[PDB]
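Asker: The data below comprise the sequence and an experimental structure of the protein.
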Amino acid sequence: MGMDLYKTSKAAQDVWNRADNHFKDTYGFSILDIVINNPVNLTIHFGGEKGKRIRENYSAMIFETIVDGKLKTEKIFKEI
Amino acid sequence: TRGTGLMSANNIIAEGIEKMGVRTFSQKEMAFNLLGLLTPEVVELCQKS
Amino acid sequence: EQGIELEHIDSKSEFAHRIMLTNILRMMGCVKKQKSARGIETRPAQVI
């Protein structure tokens, strides 16, 4: 989807890049290797410093939830 | 270590060295070490330096 | 290689040096090339 175009319009690659490059640097996955080949499973490595940065990016998020009026600070990833 | 084909020729003085206040490992003992060198504690210690 | 002193150094050693050193290098310089491509930079390889 669109990757036919991502080869064509500078204006669109300037987008897909700026996005993936940011993910890779923040969550560790480029979609430009997702869309082209829909895999069944994606495993994330938390390697060195970047890996830690990113695993906390993954654990730094919270499933707040309206119970009791509680902005329920609830973990998004729990296996993390 | 002892039993390996690098020092087994020398296997017959191990008992002699330990007297100097030293240990000589079985390969299964030296096995415990580098396996304990994969520990998720170290693994960072190298993923840093 | 045992019993080999200096003047007895020839192929069988020049062969080993290459087993351990000049091939472990080329070994390790042959996984990165397989990582750098796929962009793996958080699951590196601990070496022993």
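Answerer: Received the coordinates, thanks. Numbers count the residues shown, from 1 in each chain, chains lettered A, B, ... in the order given.
Asker: rest of the way, CA atoms for contacts and neighbours
Answerer: Fine.
Asker: Smallest distance to chain C belongs to which residue of chain A?
Answerer: residue A:47 (3.3 Å; CA to the nearest CA).
Asker: How about that residue: what's its closest non-neighbour residue?
Answerer: residue C:42 (3.3 Å; CA to CA, 6 or more residues apart in numbering or on different chains).
Asker: any idea which helix or strand carries that neighbour?
Answerer: Secondary structure assignment for residue C:42, by DSSP states H and E: no helix or strand.
Asker: give me the number of residues near it?
Answerer: For residue C:42, the neighbour count with other CA atoms under 10 Å in any protein chain shown is 18.
Asker: surely it meets residue A:46?
Answerer: Yes: at 5.2 Å, residue C:42 counts as touching residue A:46 under the criterion of CA atoms under 8 Å.
Asker: Could I get the contacting residues of the residue nearest the centre of chain A?
Answerer: Central residue of chain A (CA atoms, centre = their mean): residue A:27, 4.3 Å from the mean position. Neighbouring residues of residue A:27 by CA atoms under 8 Å, 6 or more residues apart in numbering or on different chains: A:54-55, A:57-58.
Asker: Wait, residue B:4 touches residue B:25, no?
Answerer: No: taking CA under 8 Å as the definition, residue B:4 is not a contact partner of residue B:25, at 10.9 Å.
Asker: got any residues that touch both of these two?
Answerer: Listed contacts common to residue B:4 and residue B:25 are nil; contacts here mean CA under 8 Å, 6+ apart.
Asker: where's residue 16, which helix or strand?
Answerer: Picked chain A for this. Going by DSSP H and E, residue A:16 is in helix A:10-24.
Asker: meant chain C actually
Answerer: Using DSSP H and E, residue C:16 sits within helix C:11-28.
Asker: residues of stretch C:14-24 that come out buried?
Answerer: Within stretch C:14-24, no residue is scored as buried using 16 or more other CA atoms under 10 Å in any protein chain shown.
Asker: Just give the number of residues close to residue B:2.
Answerer: By the criterion of other CA under 10 Å, residue B:2 has 19 neighbours.
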